[PDB]
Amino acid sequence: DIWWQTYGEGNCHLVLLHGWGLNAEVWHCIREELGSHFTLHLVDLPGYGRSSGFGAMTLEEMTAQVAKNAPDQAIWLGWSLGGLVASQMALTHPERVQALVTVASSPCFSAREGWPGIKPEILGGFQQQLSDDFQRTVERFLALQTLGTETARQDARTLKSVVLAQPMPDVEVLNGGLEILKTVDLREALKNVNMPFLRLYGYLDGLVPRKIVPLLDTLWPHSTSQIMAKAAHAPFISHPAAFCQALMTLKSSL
């Protein structure tokens, strides 16, 4: 079964989805601040963290499992890979999604024609590297997410601690997750979501290039965006106050 946790007692439900190679413990730093304003629903994505017994899955397969024991109605907030899951949830069960929020996430992580992103050969390299250098490879992908910030060292340690505090997922699971990043492109599909859609980014993010923000402001006219100036790929860790404020403003606007 998929591991779900409820935290807090706020009058708006908020689902929080973590990124690749991690688990819901990444949200520990913002729980207290958010818990009076939201009831939080924290999930370990299938195959990750405490959600054992799953193998490689496509985004479609993964989201359908996450949906099973998710709350009836909530804001859905996804970080990085979690942002793809939240997006797919908005596309499949719009009546269950009060608002879609992505944080440091792209609808298409891989660079393509006219589209900034990660070279797909780089993601393929990480996949290949998992076979013989499993632990360091996971850590090397995570190490990219905190660079250039005021709190880079501390924040990289935070993510590494999250990884090390639980058993490692199966290589199959991790390889499959990179395949989702490498192959999924939700740019066209997301034009059609009609609930509030807020996209948060870190200016210094080395995985999700800030150049995509104006491209998507134009491609997705119903959506809105905010760039945190001094944050990289984990803005809720480096800048929890600004992150929480964005969610307050969203909550009031529903």
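All residue numbers are counted from 1 along the displayed sequence.
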For this session: Would you mind comparing 103-111 and 127-135 for me and telling me which has the higher average C-alpha temperature factor in the entry?
Result: 127-135
Problem set entry | Between the two ranges 136-144 and 88-96, the one averaging a larger CA B factor in the entry | 136-144
Exercise. Between 185, 44, 60, 33, which carries the biggest CA temperature factor in the record?
Worked result: 33
Seminar exercise, completed: Listed options 116, 83, 177, 71: highest C-alpha B factor recorded at 116
Seminar exercise, completed: On the chain's distribution of Cα B-factors, residue 156 falls within the third called highest
For this session: Please place residue 199 in the lowest, middle or highest third of its chain by C-alpha B factor as given in the entry.
Result: lowest
Exercise. What third of its chain's C-alpha B-factors does residue 27 belong to: lowest, middle or highest?
Worked result: middle
Seminar exercise, completed: So, residue 77's CA B-factor, relative to its chain, sits in which third? The lowest
Problem set entry | Chain-relative CA temperature factor third for residue 231 | highest
